[PDB]
Amino acid sequence: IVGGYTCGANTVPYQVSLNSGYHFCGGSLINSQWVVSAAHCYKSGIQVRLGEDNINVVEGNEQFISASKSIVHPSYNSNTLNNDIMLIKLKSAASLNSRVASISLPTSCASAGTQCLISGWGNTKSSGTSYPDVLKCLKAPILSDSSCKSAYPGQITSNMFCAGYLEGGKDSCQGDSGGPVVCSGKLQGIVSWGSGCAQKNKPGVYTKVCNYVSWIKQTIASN
Ligand SMILES: N=C(N)Nc1ccc(O)c(/C=N/CC/N=C/c2cc(NC(=N)N)ccc2O)c1
Ligand SMILES: [Ca+2]
Ligand SMILES: [Cu+2]
């Protein structure tokens with residue numbers, strides 16, 4: 001997260017860190033046994049880490065649970081990143097409490113202008129590199145589809161939306177990948193892609209979660 005702020009320990013209870021010996025992606029807990037992330041975050045041997053703030057220090061509220069199965073969206077295209085969403089099932093159900101909680105799925109899509117909360121342990125520099133140990137937060141508005149498409153001609157599909165600032169300076173970045181974009185207590189987006197970080201006229205692009213609720217629910221009900 002570039003140009004954001006320190007969230008505060010466990011203030012984003014649904015935020016998870018996907019670990020394969022090191023943090024490599026964010027994720028969102030949607031129930032005691034499932035996590036939603038980006039398909040481009042796929043890899044084997046994933047351990048889901050819940051209740052995390054400083055990912056390099058055991059602070060007392062963590063729950064480390066290995067993933068038993070990963071399900072990449074049936075239509076995920078790694079070249080265009082269309083349908084950049086993946087479900088991860090935990091080998092054991094997480095113990096839900098005030099610091100480890102699930103985030104609700106949307107009942108309807110959000111609109112341009114809606115203020116949302118984006119979070120993650122990704123790079124904090126627009127130029128250069130610096131990874132934080134504690135969770136970072138950024139409040140940002142969803143941008144109109146027209147402005148998004150104008151920012152990225154020929155690349156924005158109906159399963160994507162832009163959020164952030166066209167002026168730059170505040171955006172998601174490498175490491176935040178797969179993380180949440182929550183608006184009014186609902187998971188509306190997943191950190192998917194962009195061009196560089198916090199660059200002018202290059203806002204972050206996110207997977208439009210509302211288009212996948214049917215698939216998520218049906219998949220969870222049978223796995
Ligand atoms: N675990 C692997 N080895 N795979 C892996 C997993 C996740 C990964 O992301 C990558 C690799 N990522 C390359 C860089 N992605 C930047 C990026 C930018 C933004 N936003 C922006 N405002 N530009 C959002 C998301 C992003 O990923 C490789
Ligand atoms: Ca920790
Ligand atoms: Cu990436």
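One-based numbering, in listed order, for ligands and for the atoms of each. The first residue of the sequence shown is numbered 1, and numbering continues consecutively from there.
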Any side-chain to backbone donor/acceptor pair from [X] onto [Y]? Under 3.5 Å, distance only.
X    : Y    : result
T80  : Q155 : no
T207 : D84  : yes
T157 : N159 : yes

- In the protein, what heavy atom is nearest to atom 20 (N) of ligand 1, and what distance, to one decimal place, separates them? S172 OG, 3.1 Å

- Looking only at N, O or S atoms, find the one in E62 nearest to the Ca ion (ligand 2) and name it.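 That would be atom OE2.
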
- So do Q15 and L135 actually touch side chain to side chain, heavy atoms under 4.5 Å?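 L135 reaches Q15 side chain to side chain.
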
- Query: Do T114 and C116 have side-chain heavy atoms sitting under 4.5 Å apart?
  - Reply: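 In short, these two side chains touch, coming nearer than 4.5 Å.
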
- Looking at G196, which atoms of ligand 1 are within less than 4.0 Å of one of its heavy atoms?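 Close to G196: 21 (C), 22 (N), 23 (N).
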
- Proximal atoms of ligand 1 relative to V191 (non-hydrogen, under 4.0 Å):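 Those qualifying, in numeric order: 24 (C), 25 (C).
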
- Scan the protein's non-hydrogen atoms and note whether one is under 4.0 Å from atom 25 (C) of ligand 1.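 For atom 25 (C) of ligand 1 the answer is yes, since some protein heavy atom falls inside 4.0 Å.
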
- Taking atom 12 (N) of ligand 1 as the reference point, report whether a protein heavy atom occurs under 4.0 Å from it. no

- Item | Vertex the Ca ion (ligand 2), rays to O in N54 and OE1 in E52 - rounded to 10° |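 Here the angle at the metal atom is close to 90°, to 10°.
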
How does [X] reach ligand 1, if at all, at less than 4.0 Å between non-hydrogen atoms: by side chain, backbone, both, or neither?
X    : answer
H40  : both
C25  : side chain
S192 : backbone

- Task: Count the heavy atoms belonging to other residues, nucleotides or ligands that lie under 6.0 Å from OH of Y165, then report whether that count exceeds 12.
- Result: yes

- Query: Should the heavy atoms of other residues, nucleotides or ligands under 6.0 Å from NZ of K43 be counted, would the total exceed 12?
  - Reply: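 Yes.
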
- Message: Using a distance threshold of 3.0 Å, state whether an N, O or S atom of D53 lies below it from the Ca ion (ligand 2).
- Response: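 Given the 3.0 Å cut-off, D53 does not count as a ligand of the Ca ion (ligand 2).
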
- Message: If the cut-off is 3.0 Å, does any N/O/S atom of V58 fall short of it from the Ca ion (ligand 2)?
- Response: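 Short answer: no, not a single N, O or S atom is under the cut-off.
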
- Check: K136/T124 side-chain N/O donor and acceptor closer than 3.5 Å: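 Their side chains do not contain a donor-acceptor pair, so the 3.5 Å distance test is not met.
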
- Query: Backbone or side chain, does any N or O of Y42 fall under 3.5 Å from an N or O of ligand 1?
  - Reply: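 Min N/O separation from ligand 1 is not below 3.5 Å for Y42.
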
- Query: Looking only at N/O atoms, are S177 and ligand 1 under 3.5 Å apart anywhere?
  - Reply: yes

- Relative to atom 17 (C) of ligand 1, which among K43, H23, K202, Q174 owns the nearest non-hydrogen atom?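 Heavy atom nearest to atom 17 (C) of ligand 1 belongs to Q174.
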
- Query: Taking atom 22 (N) of ligand 1 as the point of reference, which of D171, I1, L18, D84 owns the nearest heavy atom?
  - Reply: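 Among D171, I1, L18, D84, the closest heavy atom to atom 22 (N) of ligand 1 belongs to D171.
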
- Distance from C25 atom SG to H23 atom NE2, nearest 0.5 Å? 6.5 Å

- Pairwise distance OG(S102) to CG(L96) - rounded to 0.5 angstrom: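 Atom-to-atom, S102:OG and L96:CG are 5.5 Å apart.
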
- Message: Between ligand 1 and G178, can you find any atom pair, the residue atom being a heavy atom, that is separated by under 4.0 Å?
- Response: no

- Item | Shared hydrophobic cluster for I71 and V213 (ILVMFWY, side-chain gaps under 4.5 Å) | yes

